[PDB]
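Heads up, the thing below is written out as structure tokens.
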Amino acid sequence: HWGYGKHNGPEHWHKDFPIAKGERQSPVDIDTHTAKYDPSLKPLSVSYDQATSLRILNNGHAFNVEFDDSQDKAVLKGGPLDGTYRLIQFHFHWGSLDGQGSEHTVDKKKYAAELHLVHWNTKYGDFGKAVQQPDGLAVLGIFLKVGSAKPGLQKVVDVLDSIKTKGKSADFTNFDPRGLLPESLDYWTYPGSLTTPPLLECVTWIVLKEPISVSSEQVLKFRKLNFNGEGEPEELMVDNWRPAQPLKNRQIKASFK
Ligand SMILES: O=C(O)Cc1cccc([N+](=O)[O-])c1
Ligand code: NI
Ligand code: NI
């Protein structure tokens with residue numbers, strides 16, 4: 001019964017999941033000076049025109065916006081990837097304060113939040129099988145800084161009062177995730193893991209260099225969510241980020257000079 005506290009947070013997870021101390025754990029600090037520009041990188045293709053959002057769920061640690069992943073409707077390809085990766089869900093990690101919240105860091109800088117668009121490799125047939133493979137997932141990570149509002153985020157923010165507590169869901173159709181992307185698709189990439197239990201080492205991370213801007217008010221609404229279930233003491237859903245882990249024997253590659 002894991003979480004983000006003193007008693008059950010990141011620093012305890014290894015007792016249940018020894019892979020927490022593995023060779024390709026996420027997130028990491030991105031040392032921009034040491035990331036090497038890679039000309040082998042094929043261009044990134046984000047094809048979200050046919051996306052079909054279905055539902056938004058408070059899963060007790062975050063909220064997930066879920067997609068129909070039963071066809072190639074929203075796919076990621078190119079970049080460092082071989083083959084086609086289908087969007088299953090997106091979620092965020094965020095802080096109690098604007099000065100922290102991201103999982104990845106950039107030259108030790110923490111952003112207020114980080115958006116994760118999770119895709120699985122269609123060669124494995126479904127998500128569950130894909131997470132058992134070293135190349136099973138591709139996660140597109142986007143930093144959030146506080147400034148101007150992100151118009152394309154407001155629909156997500158406004159429904160959060162309907163899923164305040166763990167296990168609540170709401171219909172969430174017709175949401176266009178294109179409205180959450182920055183202008184540039186320049187990126188860093190490296191091999192890593194999921195950042196909650198079970199910490200599986202199945203992710204090709206693709207972290208965009210350009211953050212999106214959200215308003216103070218938008219992020220405040222994230223912080224009104226609850227980790228707890230209804231009828232349990234209230235514990236605000238904040239600081240649901242794992243800190244940076246050792247890079248070990250990995251290289252971070254840059255798609256840009
Ligand atoms: O890495 C995370 O944010 C945690 C996590 C946990 C379970 C599934 C996830 N997913 O990527 O579908 C992500
Ligand atoms: Ni548990
Ligand atoms: Ni995540």
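Residues in the structure tokens are numbered from 1 in each chain, the chains being A, B, ... in the order shown, and ligands are numbered from 1 in the order shown.
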
task: Name the residues in contact with stretch 92-98 of chain A at a cut-off of 9 Å, using only C-alpha atoms, excluding same-chain residues fewer than 2 positions from it; report them as a PyMOL selection string.
output: chain A and resi 62-64+90+100-103+111-117+144-146+216+219-220+222-223+236-242

I need the chosen residues saved as a PDB file, in the first residue's frame, with C-alpha atoms.
ATOM      1  CA  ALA A  62      -3.223  10.451 -10.662  1.00  0.00           C
ATOM      2  CA  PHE A  63      -6.002  10.835 -13.127  1.00  0.00           C
ATOM      3  CA  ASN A  64      -5.942   9.048 -16.455  1.00  0.00           C
ATOM      4  CA  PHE A  90      -2.420  10.284 -20.684  1.00  0.00           C
ATOM      5  CA  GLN A 100       8.263  21.142  -8.080  1.00  0.00           C
ATOM      6  CA  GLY A 101       6.096  18.455  -9.712  1.00  0.00           C
ATOM      7  CA  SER A 102       7.905  17.163 -12.755  1.00  0.00           C
ATOM      8  CA  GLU A 103       9.545  13.733 -12.765  1.00  0.00           C
ATOM      9  CA  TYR A 111       8.861  22.047 -13.692  1.00  0.00           C
ATOM     10  CA  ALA A 112       5.455  22.470 -12.052  1.00  0.00           C
ATOM     11  CA  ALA A 113       4.050  19.339 -13.736  1.00  0.00           C
ATOM     12  CA  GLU A 114       4.715  16.802 -16.467  1.00  0.00           C
ATOM     13  CA  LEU A 115       2.267  15.291 -18.969  1.00  0.00           C
ATOM     14  CA  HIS A 116       2.760  11.677 -20.013  1.00  0.00           C
ATOM     15  CA  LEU A 117       1.097  10.360 -23.195  1.00  0.00           C
ATOM     16  CA  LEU A 144       4.330  22.184 -17.757  1.00  0.00           C
ATOM     17  CA  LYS A 145       5.374  25.651 -16.547  1.00  0.00           C
ATOM     18  CA  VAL A 146       3.056  28.122 -14.896  1.00  0.00           C
ATOM     19  CA  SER A 216      -1.775  28.981 -11.916  1.00  0.00           C
ATOM     20  CA  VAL A 219      -2.607  23.621 -11.801  1.00  0.00           C
ATOM     21  CA  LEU A 220      -4.466  24.612  -8.628  1.00  0.00           C
ATOM     22  CA  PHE A 222      -5.045  19.450 -10.099  1.00  0.00           C
ATOM     23  CA  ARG A 223      -4.121  19.975  -6.437  1.00  0.00           C
ATOM     24  CA  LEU A 236      -4.702  16.092  -1.353  1.00  0.00           C
ATOM     25  CA  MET A 237      -3.320  14.541  -4.522  1.00  0.00           C
ATOM     26  CA  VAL A 238      -0.045  16.467  -4.745  1.00  0.00           C
ATOM     27  CA  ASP A 239       3.595  15.539  -5.187  1.00  0.00           C
ATOM     28  CA  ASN A 240       2.830  12.384  -7.147  1.00  0.00           C
ATOM     29  CA  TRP A 241       6.228  12.428  -8.820  1.00  0.00           C
ATOM     30  CA  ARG A 242       9.073  10.002  -8.365  1.00  0.00           C
TER      31      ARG A 242
END

- prompt: DSSP on the backbone: what in stretch 42-223 of chain A comes out helix (DSSP H, G or I), as a PyMOL selection string?
  reply: chain A and resi 122-124+127-130+151-163+177-180+216-222

Requested write-out: N, CA and C atoms of the selected residues, as a short mmCIF file (atom, residue, chain, number, x, y, z; two decimals), in the first residue's frame:
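The resulting out-v8.cif:
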data_model
loop_
_atom_site.label_atom_id
_atom_site.label_comp_id
_atom_site.auth_asym_id
_atom_site.auth_seq_id
_atom_site.Cartn_x
_atom_site.Cartn_y
_atom_site.Cartn_z
N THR A 122 2.40 -1.96 -30.99
CA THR A 122 1.34 -2.82 -31.52
C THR A 122 1.81 -4.21 -31.83
N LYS A 123 3.13 -4.41 -31.98
CA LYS A 123 3.59 -5.79 -32.17
C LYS A 123 3.33 -6.72 -31.03
N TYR A 124 2.98 -6.20 -29.86
CA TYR A 124 2.67 -7.02 -28.71
C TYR A 124 1.23 -7.22 -28.41
N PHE A 127 -1.67 -3.78 -24.25
CA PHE A 127 -0.87 -3.10 -23.23
C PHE A 127 -0.23 -4.05 -22.25
N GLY A 128 -1.06 -5.01 -21.69
CA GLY A 128 -0.54 -5.93 -20.75
C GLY A 128 0.63 -6.78 -21.10
N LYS A 129 0.63 -7.17 -22.39
CA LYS A 129 1.76 -7.89 -22.94
C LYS A 129 2.97 -6.96 -23.21
N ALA A 130 2.64 -5.76 -23.72
CA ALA A 130 3.68 -4.80 -24.04
C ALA A 130 4.52 -4.42 -22.83
N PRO A 151 -5.35 26.69 -23.37
CA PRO A 151 -6.75 26.52 -23.62
C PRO A 151 -7.18 25.09 -23.77
N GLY A 152 -6.38 24.26 -24.42
CA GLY A 152 -6.73 22.89 -24.65
C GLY A 152 -6.72 22.01 -23.43
N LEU A 153 -6.25 22.51 -22.28
CA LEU A 153 -6.31 21.81 -21.03
C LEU A 153 -7.58 22.04 -20.28
N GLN A 154 -8.32 23.11 -20.58
CA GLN A 154 -9.42 23.52 -19.69
C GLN A 154 -10.47 22.46 -19.60
N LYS A 155 -10.79 21.76 -20.69
CA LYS A 155 -11.80 20.72 -20.58
C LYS A 155 -11.44 19.64 -19.52
N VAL A 156 -10.15 19.34 -19.42
CA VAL A 156 -9.69 18.36 -18.40
C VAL A 156 -9.88 18.98 -17.01
N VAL A 157 -9.38 20.21 -16.81
CA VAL A 157 -9.51 20.84 -15.54
C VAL A 157 -10.89 20.92 -15.05
N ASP A 158 -11.84 21.22 -15.90
CA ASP A 158 -13.18 21.49 -15.44
C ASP A 158 -13.89 20.25 -14.94
N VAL A 159 -13.51 19.02 -15.42
CA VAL A 159 -14.22 17.81 -15.05
C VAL A 159 -13.64 17.21 -13.75
N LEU A 160 -12.54 17.74 -13.25
CA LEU A 160 -11.84 17.16 -12.12
C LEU A 160 -12.69 17.16 -10.85
N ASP A 161 -13.60 18.10 -10.69
CA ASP A 161 -14.46 18.05 -9.50
C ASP A 161 -15.36 16.83 -9.51
N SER A 162 -15.64 16.22 -10.64
CA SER A 162 -16.46 15.02 -10.75
C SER A 162 -15.78 13.73 -10.47
N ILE A 163 -14.43 13.81 -10.38
CA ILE A 163 -13.60 12.63 -10.07
C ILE A 163 -12.67 12.94 -8.90
N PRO A 177 -6.19 15.46 -27.83
CA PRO A 177 -4.89 15.67 -27.13
C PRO A 177 -3.90 16.54 -27.90
N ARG A 178 -4.15 16.81 -29.18
CA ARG A 178 -3.30 17.76 -29.90
C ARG A 178 -3.22 19.08 -29.24
N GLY A 179 -4.29 19.50 -28.51
CA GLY A 179 -4.25 20.78 -27.83
C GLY A 179 -3.41 20.84 -26.57
N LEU A 180 -2.65 19.77 -26.29
CA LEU A 180 -1.74 19.75 -25.16
C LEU A 180 -0.27 19.76 -25.63
N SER A 216 -1.74 29.30 -13.34
CA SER A 216 -1.77 28.98 -11.92
C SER A 216 -3.10 28.34 -11.54
N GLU A 217 -4.21 28.88 -12.07
CA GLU A 217 -5.51 28.38 -11.74
C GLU A 217 -5.72 26.95 -12.20
N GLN A 218 -5.19 26.63 -13.39
CA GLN A 218 -5.33 25.28 -13.93
C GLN A 218 -4.61 24.28 -13.02
N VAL A 219 -3.36 24.57 -12.64
CA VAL A 219 -2.61 23.62 -11.80
C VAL A 219 -3.25 23.57 -10.40
N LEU A 220 -3.80 24.66 -9.91
CA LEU A 220 -4.47 24.61 -8.63
C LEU A 220 -5.52 23.59 -8.63
N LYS A 221 -6.25 23.46 -9.73
CA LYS A 221 -7.29 22.48 -9.78
C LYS A 221 -6.82 21.05 -9.75
N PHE A 222 -5.63 20.77 -10.27
CA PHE A 222 -5.04 19.45 -10.10
C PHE A 222 -4.90 19.15 -8.60
#

- request: Enumerate as a PyMOL selection string all residues of stretch 104-212 of chain A assigned to strand (DSSP E) by DSSP on the backbone, naming them with the chain letters and numbers the document uses.
  value: chain A and resi 105-106+113-121+137-146+169-171+187-192+203-208+212

Within 7 Å of ligand 1 (counting only C-alpha atoms and all ligand atoms), which residues show up? I'd like them as a PDB file with N, CA and C atoms, in the first residue's frame.
ATOM      1  N   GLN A  89      -3.519   6.145 -22.903  1.00  0.00           N
ATOM      2  CA  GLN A  89      -3.957   7.085 -21.904  1.00  0.00           C
ATOM      3  C   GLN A  89      -2.935   8.196 -21.787  1.00  0.00           C
ATOM      4  N   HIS A 116       2.317  12.922 -19.450  1.00  0.00           N
ATOM      5  CA  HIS A 116       2.760  11.677 -20.013  1.00  0.00           C
ATOM      6  C   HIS A 116       1.692  11.086 -20.906  1.00  0.00           C
ATOM      7  N   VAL A 118       0.941   7.926 -22.985  1.00  0.00           N
ATOM      8  CA  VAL A 118       1.424   6.568 -22.900  1.00  0.00           C
ATOM      9  C   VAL A 118       0.941   5.793 -24.126  1.00  0.00           C
ATOM     10  N   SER A 193      11.779   3.301 -17.546  1.00  0.00           N
ATOM     11  CA  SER A 193      10.790   2.481 -16.817  1.00  0.00           C
ATOM     12  C   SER A 193       9.499   3.268 -16.535  1.00  0.00           C
ATOM     13  N   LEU A 194       8.487   2.530 -16.128  1.00  0.00           N
ATOM     14  CA  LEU A 194       7.375   3.164 -15.413  1.00  0.00           C
ATOM     15  C   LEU A 194       7.862   3.749 -14.117  1.00  0.00           C
ATOM     16  N   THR A 195       7.174   4.780 -13.612  1.00  0.00           N
ATOM     17  CA  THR A 195       7.632   5.491 -12.443  1.00  0.00           C
ATOM     18  C   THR A 195       6.786   5.301 -11.230  1.00  0.00           C
ATOM     19  N   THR A 196       5.890   4.328 -11.282  1.00  0.00           N
ATOM     20  CA  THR A 196       5.189   3.825 -10.095  1.00  0.00           C
ATOM     21  C   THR A 196       5.373   2.324 -10.096  1.00  0.00           C
ATOM     22  N   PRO A 197       5.174   1.699  -8.956  1.00  0.00           N
ATOM     23  CA  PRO A 197       5.010   0.221  -8.932  1.00  0.00           C
ATOM     24  C   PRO A 197       4.121  -0.177 -10.081  1.00  0.00           C
TER      25      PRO A 197
END

task: Can you pull out every residue within 10 Å of residue A:229, counting only C-alpha atoms, but drop anything in the same chain fewer than 2 positions away, and send it as a PyMOL selection string?
output: chain A and resi 58-60+164-168+226-227+231-235

The selected residues should be written to file as a CSV table (one decimal), in the first residue's frame (atoms: N, CA and C atoms).
chain,number,residue,atom,x,y,z
A,58,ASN,N,-9.9,8.8,-11.7
A,58,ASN,CA,-9.0,9.0,-10.6
A,58,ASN,C,-8.6,7.6,-10.1
A,59,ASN,N,-7.3,7.2,-10.3
A,59,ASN,CA,-6.9,5.9,-10.0
A,59,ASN,C,-6.2,5.9,-8.6
A,60,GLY,N,-6.3,6.9,-7.8
A,60,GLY,CA,-5.7,7.0,-6.5
A,60,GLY,C,-4.4,7.5,-6.4
A,164,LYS,N,-13.2,13.6,-7.9
A,164,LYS,CA,-12.3,14.1,-6.8
A,164,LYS,C,-11.6,13.0,-6.2
A,165,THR,N,-12.2,11.9,-5.9
A,165,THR,CA,-11.7,10.8,-5.1
A,165,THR,C,-11.4,9.5,-5.8
A,166,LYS,N,-10.5,8.7,-5.2
A,166,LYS,CA,-10.0,7.5,-5.8
A,166,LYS,C,-11.2,6.6,-6.2
A,167,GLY,N,-11.1,6.1,-7.5
A,167,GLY,CA,-12.0,5.2,-8.0
A,167,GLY,C,-13.2,5.8,-8.8
A,168,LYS,N,-13.3,7.1,-8.7
A,168,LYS,CA,-14.3,7.8,-9.5
A,168,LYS,C,-13.9,8.0,-11.0
A,226,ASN,N,-8.0,14.3,-4.7
A,226,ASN,CA,-7.7,13.5,-3.5
A,226,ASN,C,-7.1,12.1,-3.9
A,227,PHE,N,-6.1,11.7,-3.1
A,227,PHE,CA,-5.6,10.4,-3.1
A,227,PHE,C,-6.6,9.4,-2.6
A,231,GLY,N,-15.4,9.3,1.6
A,231,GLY,CA,-15.7,8.8,2.9
A,231,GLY,C,-14.5,8.4,3.8
A,232,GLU,N,-13.3,8.8,3.2
A,232,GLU,CA,-12.0,8.6,4.0
A,232,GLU,C,-11.4,10.0,4.2
A,233,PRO,N,-10.5,10.1,5.2
A,233,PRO,CA,-9.9,11.3,5.4
A,233,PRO,C,-9.2,11.9,4.1
A,234,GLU,N,-9.3,13.2,4.0
A,234,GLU,CA,-8.9,13.9,2.8
A,234,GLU,C,-7.4,14.0,2.7
A,235,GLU,N,-6.8,13.5,1.7
A,235,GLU,CA,-5.4,13.7,1.5
A,235,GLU,C,-5.2,14.2,0.1

- request: Set the cut-off to 12 Å, count only C-alpha atoms and all ligand atoms, and list whatever residues fall near ligand 2 as a ChimeraX atom specification.
  value: /A:1-4,8-9,12-13,15-17,60-61,196-198
